[PDB]
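Participant: Let me see the structure of the following:
(chains A, B, C, D, E and F)
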6 protein chains.
Amino acid sequence: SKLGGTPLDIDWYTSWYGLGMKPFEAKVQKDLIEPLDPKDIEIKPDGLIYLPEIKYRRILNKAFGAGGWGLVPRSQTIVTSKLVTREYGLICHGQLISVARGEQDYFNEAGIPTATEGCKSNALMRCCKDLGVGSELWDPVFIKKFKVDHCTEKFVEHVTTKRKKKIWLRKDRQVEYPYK
Amino acid sequence: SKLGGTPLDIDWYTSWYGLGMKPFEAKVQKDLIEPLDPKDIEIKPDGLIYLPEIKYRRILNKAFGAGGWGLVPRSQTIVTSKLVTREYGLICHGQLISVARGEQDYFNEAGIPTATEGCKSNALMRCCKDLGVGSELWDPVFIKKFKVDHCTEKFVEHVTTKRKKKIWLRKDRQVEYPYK
Amino acid sequence: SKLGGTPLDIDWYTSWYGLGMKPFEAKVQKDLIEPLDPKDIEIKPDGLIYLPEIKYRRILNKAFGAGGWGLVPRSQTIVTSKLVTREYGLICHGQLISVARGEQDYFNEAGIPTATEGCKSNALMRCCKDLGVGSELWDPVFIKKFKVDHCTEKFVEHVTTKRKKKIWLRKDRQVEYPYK
Amino acid sequence: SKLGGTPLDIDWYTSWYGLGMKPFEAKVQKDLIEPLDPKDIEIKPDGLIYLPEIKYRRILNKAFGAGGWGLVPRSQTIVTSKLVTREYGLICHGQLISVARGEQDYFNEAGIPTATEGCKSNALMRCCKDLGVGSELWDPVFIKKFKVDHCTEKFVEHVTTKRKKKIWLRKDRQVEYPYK
Amino acid sequence: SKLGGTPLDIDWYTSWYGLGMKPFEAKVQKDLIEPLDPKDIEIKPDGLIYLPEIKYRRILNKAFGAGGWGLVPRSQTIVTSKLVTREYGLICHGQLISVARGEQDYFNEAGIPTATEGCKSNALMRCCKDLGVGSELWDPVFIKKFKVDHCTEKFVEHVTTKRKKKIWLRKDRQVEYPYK
Amino acid sequence: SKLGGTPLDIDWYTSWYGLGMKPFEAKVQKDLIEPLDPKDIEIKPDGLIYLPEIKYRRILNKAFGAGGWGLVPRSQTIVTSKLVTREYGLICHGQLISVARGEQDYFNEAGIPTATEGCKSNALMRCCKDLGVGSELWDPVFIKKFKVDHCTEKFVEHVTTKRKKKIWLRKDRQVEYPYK
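Facilitator: Numbers count the residues shown, from 1 in each chain, chains lettered A, B, ... in the order given. Below is the structure:
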């Protein structure tokens, strides 16, 4: 309520069926913890590394198969004055695993329809933490090593205010526009 | 009520099924008490050692398997003026184990959506105390020995107020920014 | 009501099932009364010896196994102006044993979320009295002997008021900060 | 009501099941009346001998086994302006034996949470009278003989008022602080 | 109502089951009427002989066994301005025998919690009259003979008013304090 | 109502089951009419002979056995300004026999709790009249003969008013205090 925002077989909207009920079979366990490739790990200019969410979708499709998993809304979409959030639960093999809250930033009104799906992706990115997918992105050892061998730190001219900000970028990518 | 905050098969939201019902089988007991490696134990600058929560998730996945455990909300998310908390219960093998209260600190409004998941991690970190995972982090002998052989104590320039604060840091990591 | 505070299969919240129903099997009786090691018994600076609660959790895990026991809330969390308390019951092998009241001290508002779990630990520490775990900590003979052979009494400079207070400390530990 | 205080399978809170129903088997009768050792009987400075309640718990665990007995609340906790009391019933082998009223003294508000468990111990100490445990503590012959051969009577400087009070103490223990 | 006081399987609180239903077996009859030893019969300074209630508990445990008997409340505890009383019924072998009213004297408010159990003992002392336990204490022949061969009559200095009162005391005990 | 007082399987409080239903077996008839010994018959100073009620309890225990009989309340305890009375029924072998009204004299308020049991004894003394126990105490021939051969008549100094009253006393007992 304190948030400055307003709402916009198995009843998966409210059911808790299968939560931590039985583990999955072997090869699902093997390919859910497959080590992440270094080349497809990106990083914000502010210095935070991440993995594209399409790669999470690809990993989930490889582990469970198409149609073997899905995302279900768990609460009404709450739109704050500067961001949009929603609760999403991850279902795999007819079995609930986790529920997370996804967020997305919008800067104009015409942008809420586009943003309200991005937060969904965010929620999935969060729910996969339960599955162990992309664990190395949250390991400080991996973050430090990756930032010291596969990323560089360069000044850039932030175009909106004509400032010089020291940003992080991969050694093969180029600068993109919130900056230069 | 005194807190300066406001709310934001088996009905796991309120059910107490399986609480302390039967113990788990042998190898779960063995790998739940696997001694923690010294290199992946971090420490605040204020002098409190801890383990990253992703390592708790990894240990839980190794012991129970993916999909064999989960976290369930137990109460409405109570957001105080300077922090966000929520009650979370840990379910493993279709059997409730413990319920804890997780907390997270936020400094801006746009930060409640991000913080409300961090406290979840905190809750898991707390619930694992029942399983015996990471017991050595709460043993004063281990804390003292680890701080005297695998951590050093150095002055740092706290950038916000240009002060010199004596902080704790590991012997291989570098200083990160709430400070220098 | 006189307390200056406000509230914040088997329904274990109110059920009394199994209370003193049948005793446990032999090796549980043997390892529940295993003599406590002298080296891991700590003591306040004020002169009261105790055992870390993580060691109680370890003993309970050794006796009953992971998932074989748990703590259940028994009443609403009552937060007094300077402390937080709650009633907790101990369940082992699907059988209630005892219910105790745990307390914890907090000095700031942001500290109630952290304190409300500590009291839980306290409650467990109390409930284990029924199991006979850590009996020697309440034996005056053991207290006196331990304080005369494994603890020393030294002046310390209490930093807040620059006073000299005679405090108790183990013969190998060092002084920690509420004092020097 | 005249007390200057305020409230703070089988429904054991109100049930009377098993009260005086059948006696226990032989070795329970033997070890419930095991003569108490003289060395572990303490005495107040005012001249009243007693046994530590942890020894009552140890005797109950030896006679019935861990989990074979318990204490159940029988009434709401009534807190008087200078003390806290509650009714507690003792259950052994799924069979009610007795109900007593336990009391505890508190001198500050922050002390009710700590005191409300001590009275519980008191209640147990009282309920064991039905089992015959510690009968010699209520035998005037035993009290007189123990006070004339295993206790001495010495002046002590009561620190609060700098008075000299003649107190009772065992021949091997030392003076503790409500006094010197 | 005229009393200057206020209230503070089988429903034994109100049931009359087994009252005078069948007699007990032989050895119970033998050991319930076992002649009382002369040495453990005490006497008030005012000249009234009695037996300690712990000896009644011991006799009941010897006759019926631990857990074979109990005391049940029969009415609300009525506290008069200078005393506390309550009705208690004695149950043995799942069979009600008698109900009596026990009384206890208190001189301060903090003393009602302690006194409300003493009256219970009194009630038991009274109920045993039905069983024939301690009959000789109510035989004027036994009282007279015991007072003329095993008790003496001596002046004592009653300390509160510095008076000389002629009191009764056993030939081996010493004077206790309501007096000297 | 005219009395200047106020109230203070088989529902034996109101049931009339077994009243005069079948007689008892032979040896009960023999030992219920066993002639009373002359030495244990006492007498008031006013000239009325009686038998101690403990002897009635002993006779009832000898005839029916412990647990084979009991006393049940039949009405609320009516306390008059100078005495206390209550109705009591006698049950033997699960069979009601008679209901009588017992009385007791009290001289102070603190004495109602003690007196309210004495009247019970009185009631039993009365109910035994139905069984024929102590018939000779109500035979004028026995009273006259006993008073002329086993009792004497002597002046005594009644201490309260320093009067000389001619009282009855046995030939071996001594004077007791309502008098000298």
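Participant: use CA for all of it now, contacts and neighbours both
Facilitator: Will do.
Participant: Quick one: distance of the lengthiest helix in chain A to the chain centre.
Facilitator: Ranked by residue count and defined by DSSP state H, the top helix of chain A is helix A:112-131. Using C-alpha atoms, centre = their mean, to the nearest Å, we find the averaged C-alpha position of helix A:112-131 to lie 6 Å away from the chain's own average C-alpha position.
Participant: Please apply the same query to stretch A:130-137.
Facilitator: Computed by C-alpha atoms, centre = their mean, the separation of stretch A:130-137 from the middle of its chain amounts to 11 Å.
Participant: any residues touching the longest helix of chain A, and which ones?
Facilitator: A:32, A:53, A:56, A:71, A:77, A:84-90, A:97-106, A:134-135, B:54, B:57, B:61, B:66-67, B:70 (C-alpha atoms under 8 Å, 6 or more residues apart in numbering or on different chains).
Participant: What are the buried residues along that helix?
Facilitator: Judged by neighbour count using 16 or more other C-alpha atoms under 10 Å in any protein chain shown, the buried positions of helix A:112-131 are A:112, A:115-131.
Participant: In chain A, which residue is most central in space?
Facilitator: By C-alpha atoms, centre = their mean, chain A has its centre lying nearest to residue A:125, at 3.0 Å.
Participant: hmm, back to that, now the buried members of the contacts of helix A:112-131.
Facilitator: So, of the contacts of helix A:112-131, A:32, A:56, A:71, A:77, A:84-90, A:97-106, A:134-135, B:54, B:57, B:61, B:66-67, B:70 end up buried under the neighbour-count rule (16+ other C-alpha under 10 Å).
Participant: measure the residue in chain A sticking out farthest from the centre to residue A:156 for me?
Facilitator: Most distant from the centre of chain A: residue A:162, at 30.8 Å, with distances by C-alpha atoms, centre = their mean. In this structure, residue A:162 and residue A:156 are separated by 10 Å, where distance is defined by C-alpha to C-alpha, to the nearest Å.
Participant: try residue A:101
Facilitator: With C-alpha to C-alpha as the criterion, residue A:101 and residue A:156 are 33 Å apart.
Participant: Same question for residue A:146.
Facilitator: Taking C-alpha to C-alpha as the criterion, residue A:146 is separated from residue A:156 by 21 Å.
Participant: now do residue A:145
Facilitator: Following C-alpha to C-alpha, the distance that separates residue A:145 from residue A:156 is 23 Å.
Participant: One more: residue A:149?
Facilitator: Where residue A:156 is concerned, residue A:149 sits at a distance of 20 Å (C-alpha to C-alpha).
Participant: and those two? which has more neighbours close in?
Facilitator: In terms of neighbours (other C-alpha atoms under 10 Å in any protein chain shown), residue A:156 is the more surrounded of residue A:149 and residue A:156; the figures are 17 against 10.
Participant: ok, which stretches of chain A are helices?
Facilitator: All helices of chain A, identified by DSSP H, fall at A:26-32, A:53-64, A:112-131, A:140-149.
Participant: Compute the inter-axis angle for the third one and helix B:53-64.
Facilitator: With axes from the mean of the first three to the mean of the last three C-alpha atoms, to 10 degrees applied, the angle from helix A:112-131 to helix B:53-64 works out at 60 degrees.
Participant: cool, and the last one?
Facilitator: With the same axes, to 10 degrees as the criterion, the two stretches helix A:140-149 and helix B:53-64 enclose an angle of 130 degrees.
Participant: so who does residue A:42 touch?
Facilitator: Taking C-alpha under 8 Å, 6+ apart, one finds A:49-52, A:170 in contact with residue A:42.
Participant: Could you do residue A:41 as well?
Facilitator: Contacts were defined as C-alpha under 8 Å, 6+ apart; by that measure residue A:41 touches A:49-52.
Participant: switch the cut-off to 10 Å
Facilitator: Contacts for residue A:41 were tallied using C-alpha atoms under 10 Å, 6 or more residues apart in numbering or on different chains; they are A:49-52, A:55, A:134, A:137, A:146, A:150, A:170.
Participant: which of the residues you listed count as buried?
Facilitator: A:49-51, A:134, A:137, A:146, A:170.
Participant: can you redo those as CSV with distance to chain B?
Facilitator: Converted to CSV, those look like this (distance: C-alpha to the nearest C-alpha, whole Å):
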residue, distance to chain B
A:49, 15
A:50, 15
A:51, 16
A:134, 10
A:137, 9
A:146, 14
A:170, 20
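Participant: farthest pair in these?
Facilitator: In those, the most distant members under the criterion C-alpha to C-alpha are A:134 and A:170, with 18.5 Å between them.
Participant: Out of the buried ones among the contacts of helix A:112-131, which sit inside strands?
Facilitator: Judged by DSSP state E, these include A:71, A:84-90, A:97-105, B:70 as members of strands.
Participant: Tell me if I'm right that residue A:177 and residue A:159 touch.
Facilitator: Yes: applying C-alpha atoms under 10 Å as the test, residue A:177 and residue A:159 come out as touching, 8.4 Å apart.
Participant: quick one: which of these two has more around it?
Facilitator: Each of residue A:177 and residue A:159 has its neighbours counted (other C-alpha under 10 Å); residue A:159 has more, 12 against 7.
Participant: so what's residue A:146 up against?
Facilitator: Residues in contact with residue A:146 (C-alpha under 10 Å, 6+ apart) are A:38, A:41, A:49, A:137, A:140, A:170.
Participant: tell me which of those residues is nearest to chain C?
Facilitator: residue A:140 (24.9 Å; C-alpha to the nearest C-alpha).
Participant: Run through the residues that contact the closest one.
Facilitator: With contacts defined as C-alpha under 10 Å, 6+ apart, residue A:140 is in contact with A:146, B:40, B:42, B:52, B:173.
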